[PDB]
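Engineer: Hey, dropping query-v6.cif in here, mmCIF, N, CA and C atoms:
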data_upload
#
loop_
_atom_site.label_atom_id
_atom_site.label_comp_id
_atom_site.auth_asym_id
_atom_site.auth_seq_id
_atom_site.Cartn_x
_atom_site.Cartn_y
_atom_site.Cartn_z
N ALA A 1 148.78 161.92 122.34
CA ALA A 1 147.98 161.98 123.59
C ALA A 1 148.14 160.69 124.41
N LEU A 2 148.16 160.81 125.74
CA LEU A 2 148.44 159.71 126.70
C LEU A 2 147.27 159.44 127.70
N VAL A 3 146.12 160.11 127.53
CA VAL A 3 144.89 159.88 128.32
C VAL A 3 144.26 158.51 128.00
N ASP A 4 143.63 157.85 128.99
CA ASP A 4 142.91 156.57 128.80
C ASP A 4 141.78 156.64 127.76
N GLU A 5 141.20 157.83 127.58
CA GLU A 5 140.22 158.18 126.53
C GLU A 5 140.71 157.89 125.11
N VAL A 6 142.02 158.04 124.83
CA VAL A 6 142.62 157.63 123.54
C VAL A 6 142.46 156.13 123.33
N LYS A 7 142.86 155.33 124.33
CA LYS A 7 142.72 153.87 124.28
C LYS A 7 141.26 153.49 123.99
N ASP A 8 140.31 154.04 124.76
CA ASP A 8 138.87 153.78 124.63
C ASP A 8 138.28 154.15 123.26
N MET A 9 138.66 155.29 122.68
CA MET A 9 138.24 155.72 121.34
C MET A 9 138.72 154.78 120.22
N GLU A 10 140.01 154.42 120.29
CA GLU A 10 140.68 153.47 119.38
C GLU A 10 140.09 152.05 119.51
N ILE A 11 139.64 151.69 120.72
CA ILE A 11 138.90 150.46 120.99
C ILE A 11 137.47 150.50 120.39
N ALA A 12 136.77 151.63 120.49
CA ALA A 12 135.46 151.82 119.84
C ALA A 12 135.55 151.69 118.30
N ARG A 13 136.67 152.12 117.71
CA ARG A 13 137.01 151.86 116.31
C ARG A 13 137.05 150.34 115.98
N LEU A 14 137.54 149.50 116.90
CA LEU A 14 137.50 148.03 116.77
C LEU A 14 136.08 147.48 116.62
N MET A 15 135.16 147.94 117.46
CA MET A 15 133.74 147.56 117.40
C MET A 15 133.06 147.94 116.06
N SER A 16 133.45 149.07 115.44
CA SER A 16 132.96 149.47 114.11
C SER A 16 133.38 148.50 112.98
N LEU A 17 134.60 147.95 113.02
CA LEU A 17 135.03 146.90 112.08
C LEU A 17 134.49 145.49 112.42
N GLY A 18 134.25 145.20 113.70
CA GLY A 18 133.82 143.88 114.19
C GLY A 18 135.01 143.12 114.77
N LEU A 19 135.18 143.19 116.09
CA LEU A 19 136.25 142.50 116.84
C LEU A 19 135.75 142.03 118.24
N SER A 20 136.61 141.38 119.04
CA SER A 20 136.36 140.96 120.44
C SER A 20 136.18 142.17 121.40
N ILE A 21 136.29 141.97 122.72
CA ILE A 21 136.33 143.06 123.71
C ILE A 21 137.79 143.20 124.23
N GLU A 22 138.14 142.64 125.40
CA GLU A 22 139.46 142.86 126.03
C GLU A 22 140.65 142.40 125.17
N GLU A 23 140.56 141.22 124.55
CA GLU A 23 141.54 140.75 123.54
C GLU A 23 141.65 141.68 122.33
N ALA A 24 140.51 142.16 121.81
CA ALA A 24 140.50 143.20 120.76
C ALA A 24 141.35 144.42 121.16
N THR A 25 141.24 144.93 122.40
CA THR A 25 142.05 146.09 122.83
C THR A 25 143.56 145.81 122.74
N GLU A 26 144.03 144.73 123.38
CA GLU A 26 145.44 144.29 123.29
C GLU A 26 145.91 144.11 121.84
N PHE A 27 145.11 143.45 121.00
CA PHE A 27 145.39 143.26 119.57
C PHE A 27 145.58 144.59 118.82
N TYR A 28 144.63 145.52 118.98
CA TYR A 28 144.68 146.87 118.42
C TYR A 28 146.05 147.53 118.65
N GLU A 29 146.48 147.60 119.92
CA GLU A 29 147.76 148.19 120.35
C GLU A 29 149.00 147.41 119.90
N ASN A 30 148.92 146.08 119.80
CA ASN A 30 150.01 145.21 119.31
C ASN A 30 150.19 145.19 117.77
N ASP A 31 149.13 145.49 117.01
CA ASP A 31 149.14 145.58 115.54
C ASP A 31 149.55 146.97 115.04
N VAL A 32 149.17 147.97 115.85
CA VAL A 32 149.29 149.46 115.69
C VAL A 32 148.31 150.36 116.50
N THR A 33 147.52 151.21 115.82
CA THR A 33 146.67 152.30 116.32
C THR A 33 145.22 152.23 115.81
N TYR A 34 144.98 151.92 114.53
CA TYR A 34 143.66 151.76 113.88
C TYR A 34 143.81 151.45 112.36
N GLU A 35 144.02 152.47 111.51
CA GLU A 35 144.00 152.32 110.02
C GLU A 35 145.02 151.31 109.50
N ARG A 36 146.18 151.24 110.14
CA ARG A 36 147.22 150.26 109.85
C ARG A 36 146.78 148.80 110.15
N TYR A 37 146.07 148.54 111.26
CA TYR A 37 145.60 147.18 111.56
C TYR A 37 144.45 146.82 110.63
N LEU A 38 143.55 147.76 110.32
CA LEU A 38 142.44 147.55 109.39
C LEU A 38 142.97 146.99 108.06
N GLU A 39 144.02 147.62 107.53
CA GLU A 39 144.68 147.21 106.28
C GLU A 39 145.26 145.79 106.34
N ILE A 40 145.90 145.43 107.46
CA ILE A 40 146.48 144.10 107.71
C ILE A 40 145.39 143.01 107.89
N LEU A 41 144.33 143.30 108.66
CA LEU A 41 143.19 142.41 108.91
C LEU A 41 142.37 142.16 107.62
N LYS A 42 142.19 143.17 106.77
CA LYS A 42 141.57 143.04 105.45
C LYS A 42 142.36 142.13 104.48
N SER A 43 143.69 142.11 104.64
CA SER A 43 144.57 141.14 103.97
C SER A 43 144.24 139.71 104.45
N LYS A 44 144.28 139.49 105.77
CA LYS A 44 143.79 138.29 106.46
C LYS A 44 142.25 138.06 106.32
N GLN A 45 141.72 137.05 107.02
CA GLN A 45 140.29 136.64 107.06
C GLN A 45 139.58 136.53 105.69
N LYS A 46 139.98 135.53 104.91
CA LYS A 46 139.32 135.12 103.65
C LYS A 46 137.87 134.61 103.87
N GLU A 47 137.03 134.69 102.82
CA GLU A 47 135.57 134.41 102.79
C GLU A 47 134.78 135.11 103.90
#
Please, can you express the file's structure as structure tokens?

Structural biologist:
Amino acid sequence: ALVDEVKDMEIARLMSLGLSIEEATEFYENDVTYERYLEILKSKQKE
């Protein structure tokens, strides 16, 4: 899907894990889509 609503839903997924706003959106898309970045971020951020 290519609607702006996809971007916004995947961004709302960022808020559920705990992230920024506009930088969080760019990060989400540059890391992947959702579940793949969650796995990489859980590797990162110790303590």

Engineer: Write out as a PDB file with N, CA and C atoms, in the frame of the given file each polymer residue whose atoms come within 8 Å of residue 28 of chain A, counting only C-alpha atoms; drop sequence neighbours fewer than 4 positions from it.

Structural biologist:
ATOM      1  N   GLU A  10     140.010 154.420 120.290  1.00  0.00           N
ATOM      2  CA  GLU A  10     140.680 153.470 119.380  1.00  0.00           C
ATOM      3  C   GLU A  10     140.090 152.050 119.510  1.00  0.00           C
ATOM      4  N   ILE A  11     139.640 151.690 120.720  1.00  0.00           N
ATOM      5  CA  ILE A  11     138.900 150.460 120.990  1.00  0.00           C
ATOM      6  C   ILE A  11     137.470 150.500 120.390  1.00  0.00           C
ATOM      7  N   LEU A  14     137.540 149.500 116.900  1.00  0.00           N
ATOM      8  CA  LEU A  14     137.500 148.030 116.770  1.00  0.00           C
ATOM      9  C   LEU A  14     136.080 147.480 116.620  1.00  0.00           C
ATOM     10  N   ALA A  24     140.510 142.160 121.810  1.00  0.00           N
ATOM     11  CA  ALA A  24     140.500 143.200 120.760  1.00  0.00           C
ATOM     12  C   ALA A  24     141.350 144.420 121.160  1.00  0.00           C
ATOM     13  N   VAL A  32     149.170 147.970 115.850  1.00  0.00           N
ATOM     14  CA  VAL A  32     149.290 149.460 115.690  1.00  0.00           C
ATOM     15  C   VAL A  32     148.310 150.360 116.500  1.00  0.00           C
ATOM     16  N   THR A  33     147.520 151.210 115.820  1.00  0.00           N
ATOM     17  CA  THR A  33     146.670 152.300 116.320  1.00  0.00           C
ATOM     18  C   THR A  33     145.220 152.230 115.810  1.00  0.00           C
ATOM     19  N   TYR A  34     144.980 151.920 114.530  1.00  0.00           N
ATOM     20  CA  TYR A  34     143.660 151.760 113.880  1.00  0.00           C
ATOM     21  C   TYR A  34     143.810 151.450 112.360  1.00  0.00           C
ATOM     22  N   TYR A  37     146.070 148.540 111.260  1.00  0.00           N
ATOM     23  CA  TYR A  37     145.600 147.180 111.560  1.00  0.00           C
ATOM     24  C   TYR A  37     144.450 146.820 110.630  1.00  0.00           C
TER      25      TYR A  37
END

Engineer: Give me, please, the distance in Å between atom N of residue 15 of chain A and atom CA of residue 43 of chain A, quoted to one decimal.

Structural biologist: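 A separation of 17.8 Å between them.
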
Engineer: For the atom pair atom CA of residue 38 of chain A and atom CA of residue 3 of chain A, what is the interatomic distance in Å to one decimal place?

Structural biologist: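 Atom CA of residue 3 of chain A lies at a distance of 22.7 Å from atom CA of residue 38 of chain A.
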
Engineer: In Å, rounded to a single decimal, give me how far atom C of residue 46 of chain A is from atom N of residue 9 of chain A.

Structural biologist: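 That distance, rounded to one decimal, is 28.0 Å.
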
Engineer: Taking the chain letters and numbering used in this document, name the residues of chain A that DSSP puts in helix (DSSP H, G or I), as an NGL selection string.

Structural biologist: :A and (4-17 or 22-31 or 35-43)

Engineer: Please put the answer as AutoDock Vina command-line options: centre and edge lengths, in Å with one decimal, of a box along x, y and z that encloses all listed atoms of segment 20-32 of chain A plus 8 Å on each side.

Structural biologist:
--center_x 143.2 --center_y 145.6 --center_z 120.5 --size_x 30.0 --size_y 25.6 --size_z 27.0

Engineer: A:30, A:25, A:8, A:18: which is nearest residue 42 of chain A, counting only C-alpha atoms?

Structural biologist: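 Closest to residue 42 of chain A of all the choices is A:18.
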
Engineer: Could you check the closest approach to residue 35 of chain A for each of A:20, A:13, A:1, A:7 and tell me which residue wins, using only C-alpha atoms?

Structural biologist: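 Of all the options, A:13 lies closest to residue 35 of chain A.
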
Engineer: Pull N, CA and C atoms for segment 4-46 of chain A from the block and write them as a short mmCIF file (atom, residue, chain, number, x, y, z; two decimals), in the first residue's frame.

Structural biologist:
data_model
loop_
_atom_site.label_atom_id
_atom_site.label_comp_id
_atom_site.auth_asym_id
_atom_site.auth_seq_id
_atom_site.Cartn_x
_atom_site.Cartn_y
_atom_site.Cartn_z
N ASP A 4 -0.73 7.65 2.46
CA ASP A 4 -0.08 8.31 3.62
C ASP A 4 -0.49 7.70 4.98
N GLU A 5 -1.70 7.13 5.04
CA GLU A 5 -2.24 6.34 6.17
C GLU A 5 -1.35 5.17 6.58
N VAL A 6 -0.65 4.52 5.64
CA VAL A 6 0.37 3.48 5.95
C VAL A 6 1.50 4.08 6.77
N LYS A 7 2.08 5.19 6.30
CA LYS A 7 3.14 5.90 7.01
C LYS A 7 2.69 6.23 8.44
N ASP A 8 1.51 6.85 8.60
CA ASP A 8 0.94 7.26 9.90
C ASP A 8 0.69 6.09 10.87
N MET A 9 0.18 4.96 10.39
CA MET A 9 -0.03 3.73 11.19
C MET A 9 1.29 3.13 11.73
N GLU A 10 2.27 3.02 10.83
CA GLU A 10 3.64 2.55 11.13
C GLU A 10 4.38 3.51 12.09
N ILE A 11 4.07 4.81 12.00
CA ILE A 11 4.54 5.83 12.95
C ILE A 11 3.86 5.69 14.33
N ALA A 12 2.55 5.40 14.38
CA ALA A 12 1.84 5.12 15.64
C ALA A 12 2.42 3.88 16.36
N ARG A 13 2.88 2.88 15.60
CA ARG A 13 3.66 1.75 16.11
C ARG A 13 4.95 2.20 16.84
N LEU A 14 5.63 3.24 16.35
CA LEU A 14 6.78 3.86 17.03
C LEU A 14 6.45 4.38 18.43
N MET A 15 5.34 5.10 18.57
CA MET A 15 4.85 5.60 19.86
C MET A 15 4.54 4.48 20.87
N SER A 16 4.05 3.32 20.42
CA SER A 16 3.83 2.15 21.29
C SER A 16 5.12 1.56 21.89
N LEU A 17 6.23 1.54 21.14
CA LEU A 17 7.55 1.15 21.67
C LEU A 17 8.25 2.26 22.48
N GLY A 18 7.99 3.54 22.18
CA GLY A 18 8.64 4.70 22.80
C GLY A 18 9.75 5.23 21.90
N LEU A 19 9.43 6.25 21.10
CA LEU A 19 10.36 6.93 20.19
C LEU A 19 10.07 8.46 20.09
N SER A 20 10.84 9.22 19.29
CA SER A 20 10.63 10.65 18.99
C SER A 20 9.33 10.91 18.18
N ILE A 21 9.19 12.08 17.54
CA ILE A 21 8.10 12.37 16.59
C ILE A 21 8.67 12.34 15.15
N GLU A 22 8.98 13.49 14.54
CA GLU A 22 9.39 13.56 13.12
C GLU A 22 10.65 12.75 12.79
N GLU A 23 11.69 12.84 13.63
CA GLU A 23 12.88 11.96 13.53
C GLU A 23 12.55 10.47 13.66
N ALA A 24 11.67 10.11 14.61
CA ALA A 24 11.15 8.74 14.70
C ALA A 24 10.57 8.25 13.36
N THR A 25 9.77 9.06 12.65
CA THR A 25 9.21 8.65 11.35
C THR A 25 10.31 8.31 10.32
N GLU A 26 11.24 9.24 10.07
CA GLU A 26 12.40 9.01 9.19
C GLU A 26 13.21 7.76 9.59
N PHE A 27 13.50 7.60 10.88
CA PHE A 27 14.20 6.42 11.43
C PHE A 27 13.47 5.10 11.11
N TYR A 28 12.17 5.03 11.40
CA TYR A 28 11.30 3.89 11.09
C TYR A 28 11.50 3.41 9.65
N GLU A 29 11.34 4.32 8.68
CA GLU A 29 11.49 4.06 7.24
C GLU A 29 12.92 3.72 6.79
N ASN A 30 13.94 4.31 7.44
CA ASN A 30 15.36 4.03 7.17
C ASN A 30 15.90 2.71 7.78
N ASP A 31 15.28 2.22 8.85
CA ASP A 31 15.62 0.94 9.51
C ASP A 31 14.91 -0.26 8.88
N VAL A 32 13.69 0.03 8.38
CA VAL A 32 12.64 -0.86 7.77
C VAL A 32 11.16 -0.36 7.79
N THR A 33 10.24 -1.13 8.39
CA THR A 33 8.78 -1.01 8.38
C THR A 33 8.15 -1.02 9.79
N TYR A 34 8.61 -1.88 10.72
CA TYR A 34 8.16 -1.99 12.12
C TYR A 34 8.90 -3.14 12.86
N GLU A 35 8.46 -4.41 12.69
CA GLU A 35 8.97 -5.56 13.49
C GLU A 35 10.48 -5.78 13.35
N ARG A 36 11.01 -5.52 12.15
CA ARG A 36 12.45 -5.56 11.88
C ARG A 36 13.25 -4.49 12.65
N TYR A 37 12.75 -3.24 12.79
CA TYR A 37 13.45 -2.21 13.55
C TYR A 37 13.34 -2.51 15.04
N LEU A 38 12.18 -2.98 15.52
CA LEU A 38 11.98 -3.37 16.91
C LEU A 38 13.07 -4.34 17.36
N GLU A 39 13.32 -5.37 16.55
CA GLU A 39 14.36 -6.39 16.79
C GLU A 39 15.77 -5.79 16.88
N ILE A 40 16.11 -4.86 15.98
CA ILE A 40 17.41 -4.16 15.95
C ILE A 40 17.58 -3.19 17.14
N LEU A 41 16.55 -2.41 17.48
CA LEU A 41 16.53 -1.47 18.61
C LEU A 41 16.62 -2.20 19.97
N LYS A 42 15.95 -3.36 20.11
CA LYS A 42 16.07 -4.23 21.29
C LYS A 42 17.49 -4.80 21.50
N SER A 43 18.21 -5.01 20.39
CA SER A 43 19.65 -5.33 20.41
C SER A 43 20.44 -4.15 21.01
N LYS A 44 20.28 -2.96 20.43
CA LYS A 44 20.74 -1.67 20.97
C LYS A 44 20.09 -1.26 22.33
N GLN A 45 20.38 -0.05 22.81
CA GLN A 45 19.88 0.56 24.06
C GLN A 45 19.94 -0.34 25.32
N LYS A 46 21.16 -0.61 25.78
CA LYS A 46 21.45 -1.29 27.07
C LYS A 46 20.96 -0.47 28.30
#
